[PDB]
Each structure stands twice: as structure tokens, then as C-alpha cells.
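> here are the coordinates; sequence isn't available:
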Ligand SMILES: Cc1nnc2c3ccccc3c(-c3ccc(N4CCOCC4)c(NS(=O)(=O)c4ccccc4Cl)c3)nn12
């Protein structure tokens, strides 16, 4: 019963989340885990939130999904200093996502239908 966009986004989310085996990005980061996080990060984002939005038909374009994904990675690159696992992983995932979900690839996908 799922729509074309939900099926695609779900694919993108699964592929990107594969790159986070430890589950750092799976659920909202808490201050208990990451002290002061909420003083640095105004607009938190995580994979679980994104998945809920997919399921709930809240994304009306792939561009909207990309904005949340980029927000999640940006947040990690903002809270964490460059020499940390979290900043490094966020950079890698962002780069992969940006290529996988490029405007040219999305145009090809749309045209194929
Ligand atoms: C995403 C992201 N961006 N910055 C961070 C960050 C910065 C400092 C410390 C931790 C993080 C984490 C992070 C988020 C979740 C987790 N867990 C993954 C497995 O399920 C339990 C929760 C971890 N794991 S953890 O590295 O083992 C950890 C570190 C500090 C305190 C507690 C923990 Cl559990 C780390 N994720 N994160």
C-alpha cells in the first residue's frame, strides 16, 4: 500500500542507516549521553524521526527528506569537534547521501516511472 516516494525514501534511509552500525544516529541524542547537546543544537534530527515522517506521509518531496538528513549530519558536525568519531562519520554519511540522492539521479528516477 505504500507510495512511490515512501518506498524510495525508505530505501534511502535503510542504505544510509547501514553506515551507522553502532546506532549513534538512530534516536534523539540526549544531554545525558552528550553533555550540553541541547545548548548547541536548536533543531535536533535522527533516523527514527525521519522514519516516522516517512511512514506518516510528512515528506512531500525528496528535497524535504534531504533537508532533514543534512540537518542530522550538520548537527553532529556542529556539536562535535573535527577529531571525533561522530564528526567523521557524519561527514562520510552526508557525502554518500548527497551523491545517492543527487538531483540528476532523482530526475532519472522520476522520468523512469
Ligand atoms: C549522533 C551523534 N552526534 N554526536 C554524538 C555523540 C557525542 C558524544 C557522545 C555520544 C554521542 C552519540 C551517541 C549516541 C547514542 C549512543 N548509543 C548507541 C547505542 O545505543 C545506546 C546509545 C552512543 N553510544 S556510546 O558511544 O557508546 C555512548 C557515548 C557516551 C555516552 C553514552 C553512550 Cl551509550 C553515542 N551520538 N552522537
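Nice, thanks for sending it over. Numbers count the residues shown, from 1 in each chain.
> give me the element the spatially most central residue of the chain is part of.
By CA atoms, centre = their mean, the chain has its centre lying nearest to residue 69, at 2.8 Å. Here residue 69 sits within helix 62-79, counting by DSSP states H and E.
> please compute how far that helix lies from its chain's middle.
Centre-to-centre, helix 62-79 and its host chain are 6 Å apart (CA atoms, centre = their mean, to the nearest Å).
> ditto for stretch 85-100
9 Å.
> show residues contacting that stretch.
Contact with stretch 85-100 is made by 12, 15-16, 19-20, 24-25, 66, 69-70, 72-77, 79-82, as judged by CB atoms under 8 Å, 6 or more residues apart in numbering. For the C-beta atoms, the positions are set from N, CA and C on the backbone; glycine is no exception.
> my guess is the residue nearest to the centre of the chain contacts residue 49. True?
No. At 10.8 Å, residue 69 does not count as touching residue 49 under the criterion of CB atoms under 8 Å.
> residue 48 reaches residue 23, doesn't it?
No. Residue 48 lies out of contact with residue 23 (CB under 8 Å); the separation is 9.9 Å.
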